[PDB]
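What follows is one chain in structure tokens, specifically the form deposited in one PDB entry.
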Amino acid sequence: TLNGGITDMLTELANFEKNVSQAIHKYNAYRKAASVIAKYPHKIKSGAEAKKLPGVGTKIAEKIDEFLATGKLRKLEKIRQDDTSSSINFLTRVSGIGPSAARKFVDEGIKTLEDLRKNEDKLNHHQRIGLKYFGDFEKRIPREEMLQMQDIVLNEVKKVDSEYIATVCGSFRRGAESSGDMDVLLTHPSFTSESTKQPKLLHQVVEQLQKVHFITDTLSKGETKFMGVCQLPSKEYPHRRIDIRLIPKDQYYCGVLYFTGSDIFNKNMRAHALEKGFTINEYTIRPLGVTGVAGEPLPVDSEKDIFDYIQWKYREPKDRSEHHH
């Protein structure tokens, strides 16, 4: 792991800023720094060298220098000693508990998994499912299991209506040998950007997946997005997070670009669009006017067309992952 110490240091600062400081822009600055340094194909020797990379300024340069000399960072040492900061950071790793709820719980004397399990009545439904499956959701999914999960979802969606098309996106579509969860992009002809012909399009698929006891629990559910829990039939497999996103059929290419990721790739791509005078979301690419307001959607017949508009060399899903050297 080339520059592993520096990238792990910056990831740890990132998590502190998001979870304790609630500084989401400092979080994203530390992650940018970590991603660019992790992609750099040379061992960094000084802070002055790293400063040449985009997202590495004076401050990050000065703690690369410190880390390289001492193999540690006083700031991070002091943060780890802070049992309050440690407990907040930990509680946010539970789904439904974010920086705000985590701080409220720690200030009311909930510092550990045991304390959390005793105070189950303080938790809403989401937080309760997040706690119940905390251990399971920490495990990654082997690709062999993702293929099992893909077979079940495709088959049940087909049985509801053959006109449905389900695409497993996220790290799976980027060709990862393990994934954190299963992300399913769903389309149907009856749902487009300008018309809803059929109601309950996402609900019908979730109900079928619940009927065959694949989906076991619901975190959140609306008209276009489902967030819940699934499990493979035993031959017990761990419980897995599943996201299902229903996208307008005429906006599939913008939808699949978003849901394929990575999260850092999307952020960088959408940031470059703004430089070139475009705004990208999961539905459309729109030009920004003189005002800075979004005009009419531009025509998209492929993922590559979106790249072409912002003058980016097309990257295959495999090349949209984060990498190390």
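Shifts are known only where both forms have a C-alpha. The term rigid core refers to the most C-alpha atoms you can superpose between the two forms while keeping them within 1.5 Å. Start at 1 and count along the sequence shown; that's the residue number.
One more form of this protein should be noted, the form deposited in another entry, which is absent from this view; the next part is about it.
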Checklist entry - Once the two forms are fit on the core, has residue 303 moved its CA by at least 2 Å between the shown form and the other one? => result yes
Next on the checklist: Given a core-based superposition, decide whether the C-alpha of residue 25 shifts by 2 Å or more between the shown form and the other one.
Outcome noted: no
Next on the checklist: Taking 2 Å as the cut-off, check whether the CA of residue 61 shifts that much or more between the shown form and the other one after a rigid core fit.
Outcome noted: no
Item to check | Cα-Cα trend for residue 154 and residue 303, given that in the other entry the distance shifts by 3 Å or more | outcome: closer
Item to check | Sense of CA distance change between residue 304 and residue 154 in the other entry, threshold 3 Å | outcome: closer
Checklist outcome for this item: Stretches of at least 3 consecutive residues with Cα shifts of 2 angstroms or more throughout between the shown form and the other one, after core superposition, read in sequence order as 252-254, 261-281, 284-321
